[PDB]
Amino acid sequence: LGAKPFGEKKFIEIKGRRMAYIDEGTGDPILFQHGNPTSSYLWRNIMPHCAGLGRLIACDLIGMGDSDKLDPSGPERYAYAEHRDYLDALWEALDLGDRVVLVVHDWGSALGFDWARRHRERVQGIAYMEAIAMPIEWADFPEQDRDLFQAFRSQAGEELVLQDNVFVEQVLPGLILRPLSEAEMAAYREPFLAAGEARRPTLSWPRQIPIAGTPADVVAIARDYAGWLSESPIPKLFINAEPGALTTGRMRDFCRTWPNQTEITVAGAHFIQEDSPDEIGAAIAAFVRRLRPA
């Protein structure tokens, strides 16, 4: 469907750093949040389906996309709590109002689910896919990349990611079923062209996944939003994937218990936006049209 980005990038200063985002159209927001190691670019072929339905927003997480890096960077930087501080502040600055639709993926779902729990009166609907829906165990983690993610969460991680850019160059293509073009990979590589700390966000992220009880802070946050989502009557759209990756097994079983939820299944592994963007876009647009009748 295409390598061209959607909209043009806008910038805003947050906590002394410049963050980048797309913000197109008018009305109540439809807020698309990427995870690791992507950016707003992930949604480029999905956002068009929602033209005229709202204010279409996609933010680049701090240190990712065209958002500033956090210097001095190191192993303590780009934890979930730091990302949340920046993203909360950006979302506050964007004046989103009180009828937001969240569309979330991967770490964007942890961030968005947590924000939704804290700002529940403002959330009109939640569309999610390949999400971090609850704390998990290693047996729940997809078998293909289990050993690699264990290596990320070990001293080996710095060489794998900071030196060799494995998250961008191996994990990302490995979890997309169709071949990416030169331009698409260039867009994903761009924030991470430089070896070393420029790539830290793509290593800190796997180190934050709530697996086998650690990190305990993120485990607790995910336990909280898991409990809340399993009871909340807010309308939900679960975009399931086949074969899928993260939202399979026990996590998928849990997600299928959530109230007031519609489900569709699309082809894909993890980065399903690159495999089934039109199916995904059409489903989101239909969900929004139902949430926002004339």
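From 1 onward, residues are counted along the sequence shown.
Remark: stretch with higher mean C-alpha B factor among 65-73 and 235-243 is 65-73. The question of which stretch, 137-145 or 83-91, has the higher mean Cα B factor is settled in favour of 137-145. Ranking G174, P191, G108, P215 by the C-alpha B-factor listed in the PDB entry places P215 at the top. Among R178, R199, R117, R122, the highest C-alpha B-factor in the deposited entry belongs to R178.
In the PDB entry, a CA B factor belonging to the middle third of its chain's modelled residues is recorded for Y21. When the modelled residues of the chain are ordered by their C-alpha B factor, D224 lands in the middle third. Sort the chain's modelled residues by C-alpha temperature factor and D253 lands in the middle third, per the entry. Sorting the modelled residues of the chain by their CA temperature factor places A285 in the middle third. For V161, the recorded CA B-factor ranks within the lowest third of the chain. Only modelled residues enter the ranking.
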